[PDB]
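These notes are about the structure you will find just below.
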Amino acid sequence: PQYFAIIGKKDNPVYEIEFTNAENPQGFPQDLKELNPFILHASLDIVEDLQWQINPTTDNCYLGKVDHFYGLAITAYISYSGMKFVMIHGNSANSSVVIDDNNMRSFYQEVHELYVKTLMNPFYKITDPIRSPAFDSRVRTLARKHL
Amino acid sequence: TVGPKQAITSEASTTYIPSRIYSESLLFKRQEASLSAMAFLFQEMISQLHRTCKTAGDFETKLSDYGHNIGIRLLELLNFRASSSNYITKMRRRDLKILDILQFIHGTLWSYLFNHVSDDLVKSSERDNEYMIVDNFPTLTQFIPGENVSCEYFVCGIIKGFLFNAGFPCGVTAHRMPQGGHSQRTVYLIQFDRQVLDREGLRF
Amino acid sequence: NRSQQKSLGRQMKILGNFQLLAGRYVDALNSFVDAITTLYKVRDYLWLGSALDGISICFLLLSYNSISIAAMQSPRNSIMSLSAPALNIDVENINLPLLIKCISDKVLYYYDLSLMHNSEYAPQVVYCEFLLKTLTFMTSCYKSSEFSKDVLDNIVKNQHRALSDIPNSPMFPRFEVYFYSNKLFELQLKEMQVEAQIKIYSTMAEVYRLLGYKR
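Residue numbers (the authors' numbering), protein chains in the order written: chain H, 2 to 58, 84 to 173; chain G, 25 to 108, 163 to 282; chain J, 265 to 328, 378 to 528.
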């Protein structure tokens with residue numbers, strides 16, 4: 002299971018979704034209610050640290091797994107307007123994420139495309155939650171096809 | 025009813041495909057319109073703001089907010105279309175110095191808003207954090223008498239809206255320096271703050 | 265056997281190191297008393313602590378296991394405690410470099426980073442000797458693990474190393490590597506005394522506030 006979020010510049014979320022494998026019909030045992038918002042706000046610190054630097058620990087829009095913490099692989103992405111696309115990776119065992127950078131980088135690219143399609147609405151201003159079910163339908167089909 | 029400010033939903037991956045409702049191509053088709061129609065909408069903008077405002081200053085800030093609401097849109101659209163959709167792309171530089179986002183403006187923004195590239199772009203010798211962006215002929219506002227400068231703030235309202243949302247907060251004012259054969263030349267100067275500069279003071 | 269007498273001499277050497285390091289406390293300002301089991305001079309107990317540290321390091325290297382790296386930590390502790398006052402212990406530094414290059418690999422020549430390299434090497438001895446008999450003393454005979462002092466090892470490392478980073482543009486210690494050395498800090502950690510947990514999370518709050526890592 003994976004918790005996905007898009008966070009504003011003034012530390013607020015515009016999108017949040019949690020999606021799991023169907024074998025575990027309930028997902029993230031006891032971490033979901035308490036741990037997963039807090040470790041994401043913790044990772045916002047180090048994503049804010051690496052946004053301004055030149056040579057990382084190329085092209086600065088994607089970046090790798092940013093930390094590893096209670097066996098959870100936390101993967102980020104930084105848009106052009108400053109939005110941050112932090113999405114974590116859970117499993118009962120340890121998880122490999124770097125092998126999916128052929129696929130998950132593309133996933134971040136077309137969800138960036140979806141966010142640009144959201145932003146081009148003149149009615150939708152920033153610091154608003156993305157209250158659209160069509161956006162949910164596209165991001166869960168992209169979650170299915172980029173598993 | 026998907027994302028409120030109240031909770032997060034949990035739904036399984038690899039389930040059924042849901043319905044298809046709305047979609048659109050992000051890449052631009054090449055569309056053209058007359059200069060007269062956009063000039064008419066521009067003077068109607070300035071006429072309504074002349075009608076519903078008292079003095080010059082808050083009129084200028086309201087016009088700059090009008091430009092801001094194009095600029096914060098326009099940043100991600102131009103960078104995403106300069107990176108290249164469903165077609166395989168990647169991700170531009172996402173530039174983070176001061177001296178190359180102004181290069182990005184003078185190259186791509188003015189050649190996107192207008193047919194022509196922006197003319198000159200120089201620094202200030204007398205002081206740092208002051209940058210000159212200059213054209214020779216403003217095609218937004220060529221239809222007003224030249225002694226008023228406040229109607230020229232809309233386009234620099236774009237530029238502040240291009241800059242503050244990109245991570246470099248700043249402030250812009252515009253003046254008219256009648257140099258050479260061009261009677262209207264329209265310098266826009268960009269005043270940054272100290273808190274960005276020492277940031278790139280920290281980065282060697 | 266020679267192992268039992270060598271282990272007893274190593275225990276007496278560690279006790280001599282801890283006592284002679286504890287002998288040079290409160291700077292010996294006007295300590296001209298009878299001085300039972302002490303020297304109580306200007307720099308005598310620091311030098312005797314250095315000699316006992318060299319003998320303890322030699323005995324622990326000869327006995328090549379949690380007690381081995383305690384003298385390696387105590388040599389840097391003696392060097393730092395003497396360096397709070399005036400100190401010129403380059404001969405003891407050369408003896409520590411020789412013993413640490415014989416056993417471990419030093420590969421460092423920086424001012425006040427050799428102590429951090431020695432502590433990072435000193436964690437590895439307890440890390441290797443973790444898979445052993447769990448109880449070896451009697452004061453922890455009904456304990457659970459040696460994690461209860463394994464956390465005190467790297468917290469006194471973080472306390473002695475995070476103050477080296479003053480805020481400035483040339484920083485001797487980068488924020489990223491000590492943040493990622495605090496990354497693998499979070500072990501099992503659930504059941505422990507509550508005073509230990511409030512103090513150890515107060516130290517993590519202290520180093521994060523001084524680092525600026527606010528969230």
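By construction, the Cβ of each residue, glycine as well, lies at the ideal position given by its N, Cα and C atoms.
Please say whether residue j and residue i have beta carbons closer to each other than 8 Å?
i	j	result
residue 100 of chain G	residue 107 of chain H	yes
residue 224 of chain G	residue 88 of chain G	no
residue 388 of chain J	residue 312 of chain J	no
residue 414 of chain J	residue 319 of chain J	no
residue 328 of chain J	residue 416 of chain J	yes
residue 57 of chain H	residue 25 of chain H	no
residue 8 of chain H	residue 143 of chain H	no
residue 169 of chain G	residue 107 of chain G	yes
residue 26 of chain G	residue 159 of chain H	yes
residue 29 of chain G	residue 155 of chain H	yes
Check residue i in the structure and name its three-state DSSP category.
i	result
residue 384 of chain J	helix
residue 15 of chain H	strand
residue 34 of chain G	strand
residue 113 of chain H	strand
residue 441 of chain J	helix
residue 91 of chain H	strand
residue 289 of chain J	coil
residue 299 of chain J	coil
residue 67 of chain G	helix
residue 434 of chain J	helix
residue 161 of chain G	No coordinates exist for residue 161 of chain G in the structure shown, because the numbering of chain G passes directly from 108 to 163.
residue 103 of chain H	strand
residue 185 of chain G	helix
residue 154 of chain H	coil
residue 407 of chain J	helix
residue 265 of chain J	coil
residue 392 of chain J	helix
residue 281 of chain J	helix
residue 261 of chain G	coil
residue 276 of chain J	helix
residue 420 of chain J	coil
For residue i, collect the residues of the same chain with a Cβ closer than 8 Å to its Cβ; drop the 5 residues on either side in sequence, then sort them by chain order.
i	result
residue 59 of chain G	217
residue 131 of chain H	88
residue 166 of chain H	18 and 20
residue 83 of chain G	73, 74, 77 and 228
residue 477 of chain J	425, 485 and 486
residue 468 of chain J	513 and 516
residue 221 of chain G	63 and 67
residue 201 of chain G	208, 209 and 210
Just reading off the beta strand (DSSP E) that residue i is part of, what are its end residues?
i	result
residue 146 of chain H	Here residue 146 of chain H belongs to no beta strand (DSSP E), and DSSP marks it neither H nor E.
residue 268 of chain G	265-270
residue 253 of chain G	248-253
residue 402 of chain J	Element bounds for residue 402 of chain J: n/a, residue is neither H nor E.
residue 4 of chain H	3-8
Only counting the same chain, and skipping five residues up and downstream in sequence, which positions put a Cβ closer than 7 Å to that of residue i?
i	result
residue 242 of chain G	248
residue 317 of chain J	281, 384, 387, 388 and 391
residue 430 of chain J	419 and 421
residue 260 of chain G	214 and 215
residue 121 of chain H	99 and 115
residue 34 of chain G	none
residue 173 of chain G	179 and 182
residue 266 of chain G	211, 234, 237, 250 and 252
residue 244 of chain G	99 and 179
residue 70 of chain G	229
residue 395 of chain J	310 and 402
Go through its chain and collect everything with a Cβ distance to residue i's Cβ below 6 Å, but skip five positions before and after it.
i	result
residue 470 of chain J	432
residue 304 of chain J	292 and 295
residue 50 of chain G	163
Tell me, please, which residues DSSP counts as bridged to residue i.
i	result
residue 211 of chain G	G:199 and G:266
residue 98 of chain H	H:95
residue 21 of chain H	G:36
Locate the alpha helix (DSSP H) running through residue i, then write down its first and last residues.
i	result
residue 40 of chain H	32-51
residue 189 of chain G	188-191
residue 180 of chain G	176-182
residue 85 of chain G	80-107
residue 313 of chain J	308-326
residue 451 of chain J	Per DSSP, residue 451 of chain J belongs to no alpha helix (DSSP H) and is neither H nor E.
residue 517 of chain J	507-524
residue 462 of chain J	460-475
residue 488 of chain J	488-494
residue 238 of chain G	231-241
residue 170 of chain H	159-171
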